[PDB]
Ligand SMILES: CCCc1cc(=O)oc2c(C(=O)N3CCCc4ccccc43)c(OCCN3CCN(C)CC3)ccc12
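Here's a solo chain for you in structure tokens, the form deposited without the named molecule.
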């Protein structure tokens, strides 16, 4: 009775019992957002989907992009989505995971970091890294919310390939397969999400449209990384070309190795599209405020010569950023809360960018509008 009332849970039990604490809502939500629809392409519409499901997909995708930082020679990511077989796989090149036994934990590294909770190569903050990874949960969460989860990685350096399958919400695992290897390194994560945990029958149009858009995001946000979807190379060559998809006048600057900015006029209020370490910061954050307010200030002062949030409300801004040890207001990670002083870099836009921005069709809209309101009489 005392023993029935007061309980202790294992870590694994707890995640399944309280999923929203780890992956966010396991219920449907409906909201407006950009997705990539088949035949139509990038568009803004109402979408109904489960955040938790999006999240576990996003964890594996971001992990692939994280590997770019670990190994700049990485050049490709391949994504496969198969609704009929309820099957998703995410492949990447560049250095594989060390296929070797961990001397402290007494298991092979891949099995450790995909099969045991609280495991990461990003737990040392002294190293100052710009990965999306930070907590050591992501890959495990995908595993816990999958009926089958397969890890395959190949390490030339250790001359071996590792392959292992987990099943039933990481409740059991198949035998670990090792083989000799000396090819080019790859990692492939293949999983079948547990749709009953998300109250879904299949990977419907909406969730797929989101997942597909993330592939495009990765193509846009990473450097010198080709992205394939299913089989086809995505026609996105860097951030500029990514931004072009959203448009049918645009100002651009690659400020430095960690910041890239595009700006155009908005007629629907302040808009932002942004990324931090290849994470989609859909609700913005201090990184967007940092760049935007810098532009706002300069444009307000030009307007003063002949109003602040009003200037900002005419802006559509696109930001790709690499931030050290980023922080977010929730799981979901839609809003990045780290202060600019801790970013690890600055982003001072060039005078050329600012000058082009003063043109751009913007200070003009505001001035015409303000001249107009002076002409209006209410009768």
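Positions refer to the first chain, counted from 1. Take the two forms, find the largest set of C-alpha atoms that superpose within 1.5 Å, and that set is the rigid core.
Unshown form deposited with the named molecule bound; subsequent notes refer to it.
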item: Exercise: residue 353 in contact with the named molecule in the bound PDB entry, heavy atom 4.5 Å; value: no
item: The named molecule contact at residue 324 in the bound PDB entry, heavy atom, 4.5 Å; value: no
item: Contact label in the bound PDB entry: residue 268 to the named molecule, heavy atom within 4.5 Å; value: yes
item: is_contact(residue 281, the named molecule) in the bound PDB entry, heavy atom dist at most 4.5 Å; value: yes
item: Contact residue in the bound PDB entry, chosen from 272, 164, 264, 155 - any heavy atom within 4.5 Å of the named molecule; value: 272
item: Heavy atom within 4.5 Å of the named molecule in the bound PDB entry - the one residue of 259, 181, 242, 198 that qualifies; value: 242
item: Stretch in contact in the bound PDB entry with the named molecule, which is absent here, among 272-280, 170-178, 294-302, 249-257 (heavy atoms within 4.5 Å); value: 272-280
item: Members of 202-235 lying within 4.5 angstroms of the named molecule, judged by heavy atom, in the bound PDB entry; value: 213, 214, 217
item: Only residue that shifts (Cα, 2 Å or more, rigid core superposed) between the shown form and the other one, among 157, 267, 84, 177; value: 267
item: Large Cα move at residue 346 between the shown form and the other one, threshold 2 Å, rigid core; value: no
item: Per-residue C-alpha change between the shown form and the other one, residue 38, threshold 2 Å, rigid core fit; value: no
item: Residue 300: Cα shift of 2 Å or greater between the shown form and the other one (core-aligned); value: yes
